[PDB]
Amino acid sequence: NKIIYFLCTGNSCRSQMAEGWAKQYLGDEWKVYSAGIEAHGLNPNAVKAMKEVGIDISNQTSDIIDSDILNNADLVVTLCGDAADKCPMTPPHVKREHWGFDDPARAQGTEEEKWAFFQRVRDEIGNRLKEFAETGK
């Protein structure tokens, strides 16, 4: 009935966590997809971070953007400014929404700070999906 397509620079961290949160918050009415401009596989830290909150994204695949799917979506949600810049032209009926989350994989710091960063971005994405689930954004 409804299709939501998450897009980010890659399909390893943010986009995979968004897919996981969306499948939890949205009911059996929404088809959820996530992809990246490039796809280099699931980030282990992202998988662990989601597991910590009871969500298993270990079976999710790392996919490159597919216009056949994107063009049929009710809305595409870019997860950072770079993704917004690189998101291809879509049919006028597809809503283009832009959210923004820091890349936990590029964080510099102590190992404890970096792990905390993954957990923080995970929580920010979840709370944003909660807003979408309630308001339709």
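So that there is no doubt, residue numbering starts at 1 and follows the sequence shown.
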(message) Mean Cα B factor from the PDB record: higher for 63-71, or higher for 78-86?
(response) 63-71
(message) If you average the CA temperature factors as listed in the entry, which stretch comes out higher, 47-55 or 100-108?
(response) 47-55
(request) State the tercile, meaning the lowest, middle or highest third, of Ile37 with respect to the CA B-factors recorded for its chain. (result) middle
(request) Within this chain's modelled residues, let me know which third the CA B factor of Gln24 belongs to: lowest, middle or highest. (result) highest
